[PDB]
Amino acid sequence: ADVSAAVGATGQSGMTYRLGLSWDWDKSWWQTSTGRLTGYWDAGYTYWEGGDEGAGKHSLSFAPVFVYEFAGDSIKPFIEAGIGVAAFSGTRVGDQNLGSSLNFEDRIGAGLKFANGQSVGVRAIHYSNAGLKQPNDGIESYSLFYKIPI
């Protein structure tokens, strides 16, 4: 398992702070000299700075995250994408009226994985309810993350 910390900002320039735990799948596919497809289960706890709709709010999220990890030694570049689910502590977060507490989490990311198992990268994550509860404003977090094996 790996713990991660991430600081970021929303599309409305409010801060987000995320603490996470990750569990490597320990399965790979499409392995070639180029790299391999793999992934991890990702659990996230996020604090969202208040804005004009809510004071500060919290979300708990969980996602399978696919990773393509390119070949390397002390540094392996990677890209990632996943879809998960999130529950917010209210329906208004930052400047946004999400409509519902429950939301999907769609994410992409890229970074570097080091030989000691640590990694650093950027992530863009979006949360919305697919129109299932109006006004579904959605909200996003664009972040830098650091992860360390535990």
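For every residue, the number given is its place in the sequence shown, counted from 1.
Visitor: Highest mean C-alpha temperature factor of the two stretches 26 to 34 and 120 to 128, which is it?
Guide: Comparing 120 to 128 with 26 to 34, the higher mean C-alpha B-factor belongs to 26 to 34.
Visitor: Residue 62: which third of its chain by C-alpha temperature factor?
Guide: Answer is middle: the recorded C-alpha B-factor places it there.
Visitor: Among the modelled residues of its chain, does the C-alpha B-factor of residue 5 lie in the lowest, middle or highest third?
Guide: According to the entry, residue 5 has a C-alpha B-factor in the chain's middle third.
Visitor: Taking only the Cα B-factors deposited for this chain, tell me whether residue 108 sits in the lowest, middle or highest third.
Guide: Its C-alpha B-factor belongs to the lowest third of this chain's values.
Visitor: By its CA B factor, does residue 50 count among the lowest, middle or highest third of the modelled residues in the chain?
Guide: For residue 50, whose C-alpha B-factor we compare with every modelled residue in the chain, the answer is the middle third.
Visitor: For residue 114, return the chain-relative third of its C-alpha B-factor as stated in the PDB record: lowest, middle or highest.
Guide: Answer is highest: the recorded C-alpha B-factor places it there.
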